[PDB]
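Engineer: Have a look at the structure that comes next, please.
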2 protein chains.
Amino acid sequence: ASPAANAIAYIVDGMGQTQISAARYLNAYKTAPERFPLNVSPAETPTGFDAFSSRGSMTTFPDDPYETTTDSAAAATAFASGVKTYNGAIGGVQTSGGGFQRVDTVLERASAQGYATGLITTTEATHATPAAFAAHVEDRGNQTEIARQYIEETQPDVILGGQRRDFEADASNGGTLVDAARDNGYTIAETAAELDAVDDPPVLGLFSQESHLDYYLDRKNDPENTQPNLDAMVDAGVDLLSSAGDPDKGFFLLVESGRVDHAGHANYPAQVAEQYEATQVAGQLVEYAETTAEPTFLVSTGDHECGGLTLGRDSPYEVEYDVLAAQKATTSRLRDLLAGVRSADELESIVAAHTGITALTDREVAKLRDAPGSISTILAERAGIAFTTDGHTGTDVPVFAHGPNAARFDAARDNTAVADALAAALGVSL
Amino acid sequence: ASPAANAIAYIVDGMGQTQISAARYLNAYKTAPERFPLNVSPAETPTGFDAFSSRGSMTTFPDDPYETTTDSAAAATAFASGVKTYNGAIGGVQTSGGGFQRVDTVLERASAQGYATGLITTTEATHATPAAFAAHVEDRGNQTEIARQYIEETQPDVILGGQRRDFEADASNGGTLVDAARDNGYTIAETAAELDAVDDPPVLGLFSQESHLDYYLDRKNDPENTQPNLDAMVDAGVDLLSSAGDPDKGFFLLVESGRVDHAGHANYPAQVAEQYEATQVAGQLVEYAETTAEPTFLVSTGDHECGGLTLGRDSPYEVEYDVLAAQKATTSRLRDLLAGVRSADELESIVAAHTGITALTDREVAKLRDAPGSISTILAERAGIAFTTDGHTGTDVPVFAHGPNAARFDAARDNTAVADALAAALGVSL
Ligand SMILES: [Cl-]
Ligand SMILES: [Cl-]
Ligand SMILES: [Cl-]
Ligand SMILES: [Cl-]
Ligand SMILES: [Cl-]
Ligand SMILES: [Cl-]
Ligand SMILES: [Cl-]
Ligand SMILES: [Cl-]
Ligand SMILES: [Cl-]
Ligand SMILES: [Cl-]
Ligand SMILES: [Cl-]
Ligand SMILES: [Cl-]
Ligand SMILES: [Mg+2]
Ligand SMILES: [Mg+2]
Ligand SMILES: [Mg+2]
Ligand SMILES: [Mg+2]
Ligand SMILES: [Mg+2]
Ligand SMILES: [Mg+2]
Ligand SMILES: [Mg+2]
Ligand SMILES: [Mg+2]
Ligand SMILES: [Mg+2]
Ligand SMILES: [Mg+2]
Ligand code: NA
Ligand SMILES: [Zn+2]
Ligand SMILES: [Zn+2]
Ligand SMILES: [Zn+2]
Ligand SMILES: [Zn+2]
């Protein structure tokens with residue numbers, strides 16, 4: 001038998017060491033503000049990543065003609081297939097002899113051996129990260145072809161994410177890809193309630209009509225939101241992927257917290273809270289790995305850092321974590337809440353209902369009256385954090401591993417190492 | 001006997017994971033520009049830090065009444081004594097019962113056991129990092145009292161750094177502290193040549209009259225510079241600290257690359273080249289550790305990150321490493337070279353002689369004519385890197401360990417862990 005019965009790749013898209021540290025601090029502040037920051041010590045307050053037995057660093061560059069910093073598509077193809085590729089490539093490489101060539105993925109190989117397989121993400125289900133594990137396209141933007149390959153070709157047992165619109169494209173016969181999915185035995189789930197109601201795999205969960213699931217703060221705090229949180233999707237997914245039989249053939253699972261990246265591109269201070277949810281899910285995964293009858297291998301990393309986040313802004317040696325701890329709505333939701341409001345008292349009331357701000361300045365009122373999306377800069381300034389870019393940055397990022405052969409990650413590794421480790425754990429070739 | 005005969009703490013002041021990554025990339029570009037960035041993989045081009053058998057992450061916060069981000073003094077007191085303290089404290093803590101109280105350091109304890117001891121840095125010899133290992137003061141700015149304690153109290157066998165001015169202060173009797181040092185058997189070395197000429201310890205090397213040693217690019221490229229590089233100071237220091245006798249009692253050594261921090265405060269792109277020298281020295285130290293008759297324990301980390309460096313600026317997924325590779329002089333030296341030059345051709349000539357820039361724009365000419373120190377921003381823009389702050393940032397930083405019990409650092413640790421590890425390695429209490 002192979003070293004592990006189950007293998008899980010957990011990608012936090014956009015996570016570098018600064019996002020992780022920001023969330024470590026936030027966690028400590030929320031736990032015991034009086035003790036803070038003395039309780040930030042990992043000896044005092046273990047976080048979800050600290051539960052991983054090994055950690056190292058990982059280089060993230062692509063094999064691109066122009067860009068030195070990777071996109072998600074290139075990085076995920078490395079995680080899934082163990083090869084470097086160009087930015088925007090999904091599940092293949094550009095060859096000098098023969099144009100685009102598909103490469104196999106660890107998911108496909110695990111499926112061929114009898115492992116159950118899943119993809120779970122907070123982004124559109126067909127976005128680049130999960131797509132590289134279960135589809136092959138020259139351009140990551142071809143999301144209806146990615147959906148067609150999920151349903152007609154690869155057929156993962158669990159697919160959980162956003163954007164039902166992709167699956168409303170035409171199937172190769174009959175109706176839409178939702179129809180094709182039901183033909184193959186899939187239950188379709190569109191809300192958290194419907195997911196909990198699922199009684200048997202396979203499952204196609206599509207929790208938004210278009211675009212990504214809401215950001216973590218908005219899922220948690222918006223009473224109208226019907227989407228599951230990442231912890232609930234993982235819990236549902238692992239139960240559906242795990243069945244008596246095996247015992248050497250469990251499952252391969254991709255889990256992605258995908259919107260840390262989105263918050264970075266937007267320069268939204270809620271990137272920290274998104275990372276907080278992501279780190280909690282890392283802890284959940286270690287807890288699961290320790291409970292299993294047969295061994296479980298876990299590997300977790302960021303695809304690249306996004307936003308150039310720094311824990312400090314301009315000059316002072318202080319960050320105001322209370323601003324981030326008290327924030328109950330992201331800038332995306334606050335833009336909607338503040339739209340068309342002109343009165344200072346009403347602007348102040350809305351801000352106060354969803355953040356720790358109790359008094360706005362006349363200037364902050366003018367900014368929000370003009371453009372509610374300026375609340376992101378108001379909050380970043382009040383927190384004392386900064387972003388340098390609306391793009392990705394080229395830093396090496398942390399990698400974490402747990403389970404058999406996890407100590408091979410107590411090293412600097414390349415991102416292609418993820419695919420090699422997963423393949424070794426499941427005992428497959430490529 | 002204890003686990004190790006020799007222990008070395010190597011602090012890179014201001015180093016976070018982004019500085020390390022920037023230098024990894026720079027190294028790969030200098031090695032094989034045609035292959036770049038594919039040769040950045042740690043499987044293709046090992047760097048000095050990759051040679052360390054274990055790595056983890058380290059929290060850096062102080063126990064300060066106001067600041068959440070550490071200064072060097074607080075972090076070094078943690079590294080040396082295993083306790084958290086306030087920003088600016090050297091070798092002591094503020095107690096609620098009795099004001100400032102000294103705490104013992106690993107250096108003092110190792111000395112009491114018979115280990116030879118040294119301090120080697122590119123900063124002023126009495127700057128906060130080395131001071132915390134060999135002095136005790138309520139305020140890091142009291143550099144003449146730190147010098148007095150080095151010479152009259154702690155007496156490390158090797159002291160190498162900058163700023164002879166501190167040692168020209170009055171001794172408790174007789175002349176100056178240089179006189180006191182010679183009274184105790186020290187040879188004084190003031191240039192690289194004089195250091196090489198030293199035949200027996202103890203040695204007090206002071207390579208600048210005032211302030212720090214020059215930045216690495218300027219030491220390397222300025223024909224008038226008479227200062228030793230860090231590799232040469234370490235080589236000299238290790239030979240002087242190591243003698244037949246023991247074999248269980250070798251030496252404890254603090255080594256600091258201290259000016260990565262300075263470049264961060266200045267937002268100088270030469271922070272990357274300074275880090276490149278620092279990573280090379282990390283490799284040198286591992287090479288040494290592997291050669292020793294008896295075991296050698298090494299631990300290396302940053303005290304905190306400085307500057308909010310990001311590998312990307314504004315938007316693009318590209319950094320231009322050739323700009324950093326071709327830079328032969330820091331902004332500090334270029335300010336002197338360009339001072340009072342008005343002619344466009346002459347400005348362009350000077351810039352071209354010391355960088356990879358071959359053509360300036362009319363605008364860049366205007367900036368340099370106005371204020372030569374603007375070359376730092378010209379270079380950061382041409383490289384595509386960015387800084388967010390002229391201060392420290394609060395991110396966790398990498399830690400590296402090698403030798404006996406190095407795998408205890410394959411974990412998230414607090415900065416106080418450094419002192420505990422060093423004490424365990426040398427077999428001392430506190
Ligand atoms: Cl098996
Ligand atoms: Cl196909
Ligand atoms: Cl259904
Ligand atoms: Cl936000
Ligand atoms: Cl506030
Ligand atoms: Cl590797
Ligand atoms: Cl001993
Ligand atoms: Cl004293
Ligand atoms: Cl002398
Ligand atoms: Cl510079
Ligand atoms: Cl250039
Ligand atoms: Cl610890
Ligand atoms: Mg197996
Ligand atoms: Mg993604
Ligand atoms: Mg089950
Ligand atoms: Mg300042
Ligand atoms: Mg404050
Ligand atoms: Mg010993
Ligand atoms: Mg220092
Ligand atoms: Mg010797
Ligand atoms: Mg952009
Ligand atoms: Mg370029
Ligand atoms: Na490690
Ligand atoms: Zn990404
Ligand atoms: Zn992105
Ligand atoms: Zn420092
Ligand atoms: Zn500093």
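Order determines the names: the first chain of the structure tokens is A, the second B, and so forth; residues in each chain are numbered 1 upward, and ligands are numbered 1 upward as they are shown.
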At a cut-off of 8 Å, can you tabulate as JSON lines every residue of chain A near chain B together with its closest atom pair and the distance in Å to one decimal, using only C-alpha atoms and ordering rows by chain then number?
Structural biologist:
```
{"residue": "A:17", "atom": "CA", "partner": "B:17", "partner_atom": "CA", "distance": 7.2}
{"residue": "A:18", "atom": "CA", "partner": "B:395", "partner_atom": "CA", "distance": 5.4}
{"residue": "A:21", "atom": "CA", "partner": "B:395", "partner_atom": "CA", "distance": 5.4}
{"residue": "A:22", "atom": "CA", "partner": "B:395", "partner_atom": "CA", "distance": 7.1}
{"residue": "A:37", "atom": "CA", "partner": "B:68", "partner_atom": "CA", "distance": 6.9}
{"residue": "A:38", "atom": "CA", "partner": "B:63", "partner_atom": "CA", "distance": 6.9}
{"residue": "A:40", "atom": "CA", "partner": "B:59", "partner_atom": "CA", "distance": 7.4}
{"residue": "A:41", "atom": "CA", "partner": "B:414", "partner_atom": "CA", "distance": 5.4}
{"residue": "A:42", "atom": "CA", "partner": "B:413", "partner_atom": "CA", "distance": 5.8}
{"residue": "A:43", "atom": "CA", "partner": "B:413", "partner_atom": "CA", "distance": 7.0}
{"residue": "A:50", "atom": "CA", "partner": "B:412", "partner_atom": "CA", "distance": 6.0}
{"residue": "A:53", "atom": "CA", "partner": "B:411", "partner_atom": "CA", "distance": 7.2}
{"residue": "A:54", "atom": "CA", "partner": "B:410", "partner_atom": "CA", "distance": 5.8}
{"residue": "A:55", "atom": "CA", "partner": "B:56", "partner_atom": "CA", "distance": 6.3}
{"residue": "A:56", "atom": "CA", "partner": "B:55", "partner_atom": "CA", "distance": 6.3}
{"residue": "A:59", "atom": "CA", "partner": "B:41", "partner_atom": "CA", "distance": 6.3}
{"residue": "A:61", "atom": "CA", "partner": "B:37", "partner_atom": "CA", "distance": 7.0}
{"residue": "A:62", "atom": "CA", "partner": "B:38", "partner_atom": "CA", "distance": 7.9}
{"residue": "A:63", "atom": "CA", "partner": "B:38", "partner_atom": "CA", "distance": 6.9}
{"residue": "A:66", "atom": "CA", "partner": "B:318", "partner_atom": "CA", "distance": 7.6}
{"residue": "A:67", "atom": "CA", "partner": "B:318", "partner_atom": "CA", "distance": 5.1}
{"residue": "A:68", "atom": "CA", "partner": "B:318", "partner_atom": "CA", "distance": 5.0}
{"residue": "A:69", "atom": "CA", "partner": "B:317", "partner_atom": "CA", "distance": 4.8}
{"residue": "A:70", "atom": "CA", "partner": "B:317", "partner_atom": "CA", "distance": 7.2}
{"residue": "A:308", "atom": "CA", "partner": "B:310", "partner_atom": "CA", "distance": 5.4}
{"residue": "A:310", "atom": "CA", "partner": "B:308", "partner_atom": "CA", "distance": 5.4}
{"residue": "A:311", "atom": "CA", "partner": "B:393", "partner_atom": "CA", "distance": 5.1}
{"residue": "A:312", "atom": "CA", "partner": "B:393", "partner_atom": "CA", "distance": 5.0}
{"residue": "A:313", "atom": "CA", "partner": "B:389", "partner_atom": "CA", "distance": 5.3}
{"residue": "A:314", "atom": "CA", "partner": "B:389", "partner_atom": "CA", "distance": 4.0}
{"residue": "A:315", "atom": "CA", "partner": "B:391", "partner_atom": "CA", "distance": 4.8}
{"residue": "A:316", "atom": "CA", "partner": "B:391", "partner_atom": "CA", "distance": 6.3}
{"residue": "A:317", "atom": "CA", "partner": "B:69", "partner_atom": "CA", "distance": 4.8}
{"residue": "A:318", "atom": "CA", "partner": "B:68", "partner_atom": "CA", "distance": 5.0}
{"residue": "A:319", "atom": "CA", "partner": "B:68", "partner_atom": "CA", "distance": 6.6}
{"residue": "A:386", "atom": "CA", "partner": "B:388", "partner_atom": "CA", "distance": 6.5}
{"residue": "A:387", "atom": "CA", "partner": "B:388", "partner_atom": "CA", "distance": 7.3}
{"residue": "A:388", "atom": "CA", "partner": "B:313", "partner_atom": "CA", "distance": 5.9}
{"residue": "A:389", "atom": "CA", "partner": "B:314", "partner_atom": "CA", "distance": 4.0}
{"residue": "A:390", "atom": "CA", "partner": "B:315", "partner_atom": "CA", "distance": 5.2}
{"residue": "A:391", "atom": "CA", "partner": "B:315", "partner_atom": "CA", "distance": 4.8}
{"residue": "A:392", "atom": "CA", "partner": "B:317", "partner_atom": "CA", "distance": 6.0}
{"residue": "A:393", "atom": "CA", "partner": "B:312", "partner_atom": "CA", "distance": 5.0}
{"residue": "A:394", "atom": "CA", "partner": "B:311", "partner_atom": "CA", "distance": 5.2}
{"residue": "A:395", "atom": "CA", "partner": "B:18", "partner_atom": "CA", "distance": 5.4}
{"residue": "A:396", "atom": "CA", "partner": "B:21", "partner_atom": "CA", "distance": 5.7}
{"residue": "A:397", "atom": "CA", "partner": "B:17", "partner_atom": "CA", "distance": 7.9}
{"residue": "A:410", "atom": "CA", "partner": "B:54", "partner_atom": "CA", "distance": 5.8}
{"residue": "A:411", "atom": "CA", "partner": "B:54", "partner_atom": "CA", "distance": 6.7}
{"residue": "A:412", "atom": "CA", "partner": "B:42", "partner_atom": "CA", "distance": 6.0}
{"residue": "A:413", "atom": "CA", "partner": "B:42", "partner_atom": "CA", "distance": 5.8}
{"residue": "A:414", "atom": "CA", "partner": "B:41", "partner_atom": "CA", "distance": 5.4}
```
Engineer: Using N, CA and C atoms, can you export the residues from the last selection as a compact mmCIF listing (two decimals), in the first residue's frame?
Structural biologist:
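Result went into out39.txt, see below:
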```txt
# COMPACT_ATOMS: atom_id res chain seq x y z
N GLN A 17 3.83 34.97 4.00
CA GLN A 17 4.08 34.92 5.45
C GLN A 17 3.45 36.15 6.14
N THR A 18 3.34 37.29 5.44
CA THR A 18 2.73 38.44 6.11
C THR A 18 1.23 38.24 6.37
N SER A 21 0.95 36.01 9.36
CA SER A 21 1.28 36.70 10.61
C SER A 21 0.15 37.63 11.03
N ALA A 22 -0.47 38.29 10.04
CA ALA A 22 -1.53 39.25 10.36
C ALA A 22 -2.66 38.52 11.05
N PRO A 37 0.09 41.96 23.12
CA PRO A 37 0.46 40.91 22.15
C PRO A 37 1.26 39.77 22.80
N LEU A 38 1.33 39.70 24.14
CA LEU A 38 2.19 38.66 24.74
C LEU A 38 1.68 37.23 24.42
N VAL A 40 0.54 36.29 21.60
CA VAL A 40 0.84 35.96 20.19
C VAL A 40 1.88 34.83 20.08
N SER A 41 2.69 34.65 21.10
CA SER A 41 3.68 33.58 21.09
C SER A 41 3.01 32.25 20.70
N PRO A 42 3.64 31.48 19.81
CA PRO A 42 3.10 30.18 19.45
C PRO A 42 3.15 29.20 20.63
N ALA A 43 3.98 29.47 21.64
CA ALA A 43 3.93 28.69 22.89
C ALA A 43 2.65 28.95 23.71
N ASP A 50 0.26 26.14 12.99
CA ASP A 50 1.22 25.62 13.96
C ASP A 50 1.01 24.13 14.21
N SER A 53 3.04 19.44 11.41
CA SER A 53 4.31 19.02 11.99
C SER A 53 5.52 19.63 11.28
N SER A 54 5.44 19.89 9.97
CA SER A 54 6.59 20.49 9.27
C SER A 54 6.19 21.70 8.48
N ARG A 55 7.18 22.59 8.30
CA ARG A 55 7.03 23.77 7.47
C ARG A 55 8.32 24.11 6.75
N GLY A 56 8.20 24.71 5.59
CA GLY A 56 9.38 25.15 4.84
C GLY A 56 8.96 26.35 4.01
N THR A 59 9.31 28.29 -3.64
CA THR A 59 9.43 29.26 -4.74
C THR A 59 8.24 29.13 -5.68
N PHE A 61 7.70 31.03 -8.86
CA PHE A 61 7.78 31.56 -10.22
C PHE A 61 7.20 30.59 -11.27
N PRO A 62 6.70 31.14 -12.38
CA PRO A 62 6.19 30.37 -13.55
C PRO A 62 7.27 30.24 -14.60
N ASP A 63 6.98 29.44 -15.64
CA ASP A 63 7.78 29.44 -16.87
C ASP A 63 7.00 30.25 -17.92
N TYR A 66 7.29 36.45 -20.23
CA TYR A 66 7.47 37.84 -19.78
C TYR A 66 7.40 38.07 -18.30
N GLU A 67 6.54 37.32 -17.61
CA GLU A 67 6.30 37.62 -16.19
C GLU A 67 7.15 36.74 -15.27
N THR A 68 7.71 37.36 -14.25
CA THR A 68 8.55 36.61 -13.32
C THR A 68 7.73 36.16 -12.14
N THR A 69 6.57 36.79 -11.94
CA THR A 69 5.66 36.47 -10.84
C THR A 69 4.50 35.63 -11.42
N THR A 70 4.18 34.54 -10.72
CA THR A 70 3.16 33.62 -11.18
C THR A 70 1.73 34.18 -11.04
N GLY A 308 1.09 42.87 -1.74
CA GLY A 308 2.22 43.50 -1.09
C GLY A 308 1.80 44.01 0.28
N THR A 310 1.78 44.77 4.12
CA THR A 310 2.79 44.95 5.15
C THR A 310 2.10 45.32 6.46
N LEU A 311 2.69 44.84 7.55
CA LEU A 311 2.16 45.05 8.89
C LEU A 311 2.83 46.28 9.51
N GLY A 312 2.42 47.43 9.02
CA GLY A 312 3.05 48.73 9.33
C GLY A 312 2.78 49.60 8.11
N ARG A 313 2.73 50.90 8.32
CA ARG A 313 2.33 51.80 7.26
C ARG A 313 3.05 53.13 7.55
N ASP A 314 3.84 53.60 6.58
CA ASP A 314 4.56 54.90 6.63
C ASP A 314 5.72 55.03 7.62
N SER A 315 5.46 54.81 8.92
CA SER A 315 6.51 55.03 9.90
C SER A 315 6.30 54.28 11.23
N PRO A 316 5.09 54.33 11.86
CA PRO A 316 5.06 53.83 13.26
C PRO A 316 5.29 52.33 13.47
N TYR A 317 5.78 51.98 14.66
CA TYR A 317 5.98 50.56 15.03
C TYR A 317 4.72 50.03 15.74
N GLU A 318 3.56 50.31 15.13
CA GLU A 318 2.28 49.94 15.75
C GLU A 318 1.31 49.53 14.66
N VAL A 319 0.58 48.45 14.90
CA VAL A 319 -0.63 48.11 14.10
C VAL A 319 -1.80 48.12 15.08
N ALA A 386 -0.63 48.38 5.12
CA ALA A 386 -0.41 48.98 3.83
C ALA A 386 -0.32 47.90 2.77
N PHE A 387 -0.63 48.28 1.54
CA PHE A 387 -0.44 47.43 0.35
C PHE A 387 0.42 48.19 -0.64
N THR A 388 1.28 47.51 -1.38
CA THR A 388 2.07 48.19 -2.42
C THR A 388 1.61 48.03 -3.85
N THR A 389 0.68 47.11 -4.10
CA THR A 389 0.38 46.72 -5.45
C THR A 389 -1.05 46.21 -5.51
N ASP A 390 -1.64 46.25 -6.68
CA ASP A 390 -2.91 45.57 -6.90
C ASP A 390 -2.69 44.24 -7.61
N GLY A 391 -1.42 43.81 -7.70
CA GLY A 391 -1.02 42.56 -8.31
C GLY A 391 -0.40 41.55 -7.34
N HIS A 392 0.16 40.49 -7.92
CA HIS A 392 0.87 39.51 -7.15
C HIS A 392 2.29 39.97 -6.92
N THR A 393 2.93 39.41 -5.89
CA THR A 393 4.33 39.69 -5.64
C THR A 393 5.12 38.39 -5.68
N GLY A 394 6.44 38.52 -5.84
CA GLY A 394 7.27 37.36 -6.21
C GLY A 394 7.95 36.64 -5.05
N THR A 395 7.57 36.98 -3.83
CA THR A 395 8.16 36.32 -2.66
C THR A 395 7.93 34.80 -2.60
N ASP A 396 8.91 34.08 -2.07
CA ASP A 396 8.71 32.68 -1.67
C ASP A 396 7.61 32.71 -0.57
N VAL A 397 6.85 31.63 -0.43
CA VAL A 397 5.76 31.57 0.56
C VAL A 397 5.93 30.34 1.44
N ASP A 410 10.59 20.21 5.49
CA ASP A 410 11.39 21.07 6.40
C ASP A 410 12.60 21.51 5.57
N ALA A 411 12.34 22.24 4.49
CA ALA A 411 13.34 22.55 3.49
C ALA A 411 12.77 23.66 2.63
N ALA A 412 13.64 24.34 1.88
CA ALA A 412 13.19 25.14 0.73
C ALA A 412 12.87 24.20 -0.42
N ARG A 413 11.66 24.34 -0.95
CA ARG A 413 11.22 23.49 -2.06
C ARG A 413 10.67 24.33 -3.22
N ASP A 414 10.59 23.74 -4.42
CA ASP A 414 9.92 24.45 -5.52
C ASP A 414 8.44 24.09 -5.48
```
Engineer: Please return, as a PyMOL selection string, all residues of range 89-271 of chain A that DSSP assigns to strand (DSSP E or B) on the basis of the backbone.
Structural biologist: chain A and resi 90+92-95+99-102+116-124+137+158-162+170+176+187-189+203-206+251-257
Engineer: Given only C-alpha atoms as the basis, pick out the residue of A:147, A:270, A:344, A:125 nearest to residue 207 in chain A.
Structural biologist: A:125
Engineer: At most 7 Å is the cut-off: for each residue in chain A with any atom that close to an atom of ligand 4, write down the nearest atom pair and the distance in Å rounded to one decimal, counting only C-alpha atoms and all ligand atoms, chain first then increasing number, as a tab-separated table.
Structural biologist:
```
residue	atom	partner	partner_atom_place_in_ligand_line	distance
A:268	CA	ligand 4	1 (Cl)	4.0
A:269	CA	ligand 4	1 (Cl)	4.5
A:270	CA	ligand 4	1 (Cl)	4.0
A:330	CA	ligand 4	1 (Cl)	4.0
A:331	CA	ligand 4	1 (Cl)	4.1
A:332	CA	ligand 4	1 (Cl)	6.9
A:376	CA	ligand 4	1 (Cl)	5.1
```
Engineer: Keeping only C-alpha atoms, take the residues you just selected and write them out as an mmCIF file, in the first residue's frame.
Structural biologist:
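Resulting contents of selection-v6.cif:
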```cif
data_model
loop_
_atom_site.group_PDB
_atom_site.id
_atom_site.type_symbol
_atom_site.label_atom_id
_atom_site.label_comp_id
_atom_site.auth_asym_id
_atom_site.auth_seq_id
_atom_site.Cartn_x
_atom_site.Cartn_y
_atom_site.Cartn_z
ATOM 1 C CA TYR A 268 -9.113 45.436 1.280
ATOM 2 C CA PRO A 269 -8.067 45.163 4.943
ATOM 3 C CA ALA A 270 -10.529 42.279 5.212
ATOM 4 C CA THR A 330 -15.934 43.942 4.016
ATOM 5 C CA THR A 331 -15.603 47.002 1.767
ATOM 6 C CA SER A 332 -17.559 45.059 -0.893
ATOM 7 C CA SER A 376 -11.081 50.351 2.387
#
```
Engineer: Show me which residues sit within 12 Å of ligand 8 when counting only C-alpha atoms and all ligand atoms, and put them as a PyMOL selection string.
Structural biologist: chain B and resi 91+102-104+134-137+145-155+172
Engineer: Please identify every residue of chain B that has at least one atom no farther than 9 Å from an atom of ligand 20, counting only C-alpha atoms and all ligand atoms, and for each give the shortest atom pair and the distance in Å to one decimal, arranged by chain then increasing number, as CSV.
Structural biologist:
```
residue,atom,partner,partner_atom_place_in_ligand_line,distance
B:200,CA,ligand 20,1 (Mg),9.0
B:236,CA,ligand 20,1 (Mg),8.8
B:237,CA,ligand 20,1 (Mg),8.9
B:238,CA,ligand 20,1 (Mg),7.1
B:239,CA,ligand 20,1 (Mg),3.9
B:240,CA,ligand 20,1 (Mg),4.9
B:241,CA,ligand 20,1 (Mg),6.2
B:242,CA,ligand 20,1 (Mg),4.2
B:243,CA,ligand 20,1 (Mg),4.6
B:244,CA,ligand 20,1 (Mg),7.7
```
Engineer: Would you list the residues that come within 12 Å of ligand 10? Count only C-alpha atoms and all ligand atoms and give the answer as a ChimeraX atom specification.
Structural biologist: /B:215-218,259-260,262-274,323-335,354-355,372-383,385
Engineer: From a DSSP calculation on the backbone, collect every residue of range 46-290 of chain A in helix (DSSP H, G or I) and output the set as JSON, numbers by chain.
Structural biologist: {"A": [49, 50, 51, 72, 73, 74, 75, 76, 77, 78, 79, 80, 81, 106, 107, 108, 109, 110, 111, 112, 113, 128, 129, 130, 131, 132, 133, 134, 143, 144, 145, 146, 147, 148, 149, 150, 151, 152, 153, 154, 164, 165, 166, 167, 168, 177, 178, 179, 180, 181, 182, 183, 192, 193, 194, 195, 196, 197, 216, 217, 218, 219, 220, 221, 230, 231, 232, 233, 234, 235, 236, 237, 238, 239, 240, 241, 259, 260, 261, 262, 263, 264, 265, 266, 271, 272, 273, 274, 275, 276, 277, 278, 279, 280, 281, 282, 283, 284, 285, 286, 287, 288, 289, 290]}
Engineer: To check your reading of the model: which residues sit at most 8 Å from ligand 14 when counting only C-alpha atoms and all ligand atoms? Write the answer as a ChimeraX atom specification.
Structural biologist: /A:11-14,72-73,123,127-130,256-259,261,303
Engineer: Could you write out that same residue set with N, CA, C and O atoms as a compact mmCIF listing (two decimals), in the first residue's frame?
Structural biologist:
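Generated output (out01.txt):
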```txt
# COMPACT_ATOMS: atom_id res chain seq x y z
N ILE A 11 -4.81 24.91 -0.60
CA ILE A 11 -4.17 26.10 -1.15
C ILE A 11 -4.89 27.34 -0.61
O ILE A 11 -6.13 27.43 -0.67
N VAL A 12 -4.13 28.29 -0.07
CA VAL A 12 -4.71 29.59 0.27
C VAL A 12 -4.20 30.57 -0.78
O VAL A 12 -3.00 30.88 -0.86
N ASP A 13 -5.11 31.04 -1.60
CA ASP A 13 -4.64 31.75 -2.78
C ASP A 13 -4.26 33.16 -2.32
O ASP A 13 -5.06 33.79 -1.65
N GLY A 14 -3.07 33.61 -2.69
CA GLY A 14 -2.56 34.91 -2.24
C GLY A 14 -1.84 34.97 -0.88
O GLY A 14 -1.43 36.05 -0.46
N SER A 72 -2.36 32.28 -10.71
CA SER A 72 -2.83 31.08 -10.03
C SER A 72 -2.78 29.87 -10.95
O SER A 72 -2.48 28.78 -10.48
N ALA A 73 -3.08 30.08 -12.23
CA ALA A 73 -3.17 29.00 -13.23
C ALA A 73 -1.82 28.26 -13.35
O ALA A 73 -1.74 27.01 -13.23
N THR A 123 -14.02 30.26 -4.38
CA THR A 123 -14.09 31.03 -5.63
C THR A 123 -15.11 30.34 -6.55
O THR A 123 -15.67 29.27 -6.20
N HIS A 127 -12.62 28.35 -11.46
CA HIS A 127 -11.50 29.29 -11.38
C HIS A 127 -10.20 28.50 -11.43
O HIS A 127 -10.24 27.29 -11.34
N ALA A 128 -9.07 29.19 -11.58
CA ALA A 128 -7.82 28.53 -12.05
C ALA A 128 -7.31 27.49 -11.08
O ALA A 128 -6.83 26.43 -11.49
N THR A 129 -7.44 27.77 -9.79
CA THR A 129 -6.87 26.83 -8.80
C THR A 129 -7.46 25.41 -8.86
O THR A 129 -6.70 24.43 -9.05
N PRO A 130 -8.79 25.27 -8.68
CA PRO A 130 -9.30 23.92 -8.83
C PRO A 130 -9.22 23.40 -10.26
O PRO A 130 -9.05 22.21 -10.45
N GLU A 256 -9.54 24.96 -1.35
CA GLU A 256 -8.95 26.29 -1.59
C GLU A 256 -9.69 27.36 -0.80
O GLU A 256 -10.92 27.46 -0.93
N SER A 257 -8.97 28.15 -0.01
CA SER A 257 -9.50 29.44 0.44
C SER A 257 -9.01 30.45 -0.61
O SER A 257 -7.83 30.82 -0.61
N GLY A 258 -9.89 30.87 -1.51
CA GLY A 258 -9.44 31.50 -2.74
C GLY A 258 -9.52 33.01 -2.70
O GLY A 258 -9.01 33.67 -3.61
N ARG A 259 -10.15 33.58 -1.68
CA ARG A 259 -10.44 35.03 -1.73
C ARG A 259 -9.49 35.90 -0.88
O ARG A 259 -9.59 37.13 -0.85
N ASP A 261 -6.60 36.22 -1.99
CA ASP A 261 -6.09 36.84 -3.21
C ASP A 261 -6.97 38.02 -3.65
O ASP A 261 -6.47 39.07 -4.00
N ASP A 303 -0.32 29.99 -3.32
CA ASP A 303 0.16 29.93 -4.70
C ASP A 303 1.19 31.07 -4.99
O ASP A 303 2.08 30.90 -5.84
```
Engineer: Closest to ligand 7 among B:227, B:301, B:6, B:275, using only C-alpha atoms and all ligand atoms?
Structural biologist: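 Checking each of B:227, B:301, B:6, B:275 against ligand 7, counting only C-alpha atoms and all ligand atoms, the winner is B:6.
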